[PDB]
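Shown next are two forms of a single protein chain, provided one at a time as structure tokens under the names structure 1 and structure 2.
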Structure 1
């Protein structure tokens, strides 16, 4: 007896679902536009149905809002509309959270019940590099205390409170730092997706996940994520590290053997221990856990029983 309904990929594919679910050509162009590594078969067979499932929870919450408001005789202090529906997306560095989040964002927006779907990464809530240096935390970027938790909690509370205006800072992956001045404005979307390492982490009191209506954890074997991380580092020699401005420009000239050593050392000393200590223990808190094969294909889905 488990708290989850479990499917492997084969079972999932074989399901006789009650839809009518197919992507539009307009959508296939859009979905290429947000990467390319993303397998379109993945999107059609797994993420599209997953989106419909989530859509059922969003519509249910919107109708509960209406039934409750009617029951209360719409008092003045009740909001006139449902507050945004907030989805957490958690998992290891390099597991593909950002891709999953971006795919879900594009698929969920296609229902007229909730056409406005925003995406915020908690990367924008990291303390900037100097502030991290000050705190002896440069080697722990992505650990819980490397983020401004108070600011993160204020932002999510503002959105959940039904504010028409809420503001998040922005992180540059190119520069490895917060862009001073930069802001992302959120204006009462129907759905907000909140993607990050730390979204399902707990705290002594009200925590950001107390405000989630749904959450995903993107999972994979630790050895496989290590390989993805190493490949990403090697591929970065051409992109992020190629700029003579980069603080990591020296890595561009590392040949495959030395690059694998540098990548694995960084994995072993920062990202892997952050996963073991801080991220993995949050995995059972997710509404939906998606596990990936070594080839990046989803091999298993666990959904909390309703």
Structure 2
């Protein structure tokens, strides 16, 4: 036998940990959060996301006590009871694994908490370098990799917010144009909770990084072959959604046949997304507070929690 920092759960065990947590989300609101391909329904929100929201609100008060201790030690004032220390959450995972929806659902739940906390959600792609700058660094084929984001700027952003700033700015990325939007900004004003979602978020290193500022993090996981399947399938579905727009950077993909589309999508997975997942994303899975394991049908039926 051997001791471990983690505790594994199946949905039956984890759903019981919901207790009385109310369900403040309608089936229609879920739709507004549901991403293309995603199978998440209100049942999963009850048996999986509600226990998560509970665990997170238990730790928010606790986390603040810790920051209180340091404040006390330093002989500082105290804390405007209504302008606390932002609880930062990191959501990571591979492209097409569902992390985007997971973060949006988590934000909706936490925000509808009795004390109605101001909960902001920022995706890291707003921190991607503009295509022209990526071109400069010869990184257009490495878009999504750690070095494709302005990690300095990202770290400055999260640091500014958790340090108690009145406001902090983040650039905005346009998936439609496949590039940063000139002049656009997302202003975050001292939220009570900040969710940061991106491929890169849990990465660690020789310098203090955004992951070192997280008070809680989740990794959305799945069999790599399944994620590729979801990616390719989402790619074919996009021919009639995003790619169908004449303004789309990838509008030429709309006319691909099922066959040509699979070939193109598989190649991008093989040369860009798979390498990034295997080399940079997966290695960060061990440090996540909670790992959500999804089955081939996108169903979350297993979880791994870090008690230590």
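Basically, rigid core = biggest C-alpha set you can superpose within 1.5 Å across the two forms. Residue numbers count along the first chain shown, from 1.
Engineer: When the rigid core of both forms is overlaid, which of 51, 275, 31, 263 is the one whose C-alpha moves 2 angstroms or more between structures 1 and 2?
Structural biologist: So the residue whose C-alpha moves 2 Å or more is 31.
Engineer: State yes or no: after fitting on the rigid core, is the Cα displacement of residue 165 between structures 1 and 2 at least 2 Å?
Structural biologist: No, shifts by less than 2 Å.
Engineer: For residue 174, state whether the C-alpha moves by 2 Å or more between structures 1 and 2 after rigid core superposition.
Structural biologist: Stays below the 2 Å threshold, so no.
Engineer: Aligning on the rigid core, do we see the C-alpha of residue 131 shift 2 angstroms or more between structures 1 and 2?
Structural biologist: For residue 131, whose C-alpha is compared between structures 1 and 2 after core superposition, the shift is less than 2 Å.
Engineer: Align on the rigid core first, then pass along the CA displacement of residue 188 between structures 1 and 2 in angstrom.
Structural biologist: A shift of 0.7 Å.
Engineer: Could you check how much the CA of residue 62 shifts between structures 1 and 2 after a rigid core fit, in angstrom?
Structural biologist: C-alpha displacement of residue 62 between structures 1 and 2: 3.6 Å.
Engineer: Superpose the two forms on the rigid core, then give the C-alpha shift of residue 79 between structures 1 and 2 in Å.
Structural biologist: So the C-alpha of this residue moves 9.4 Å.
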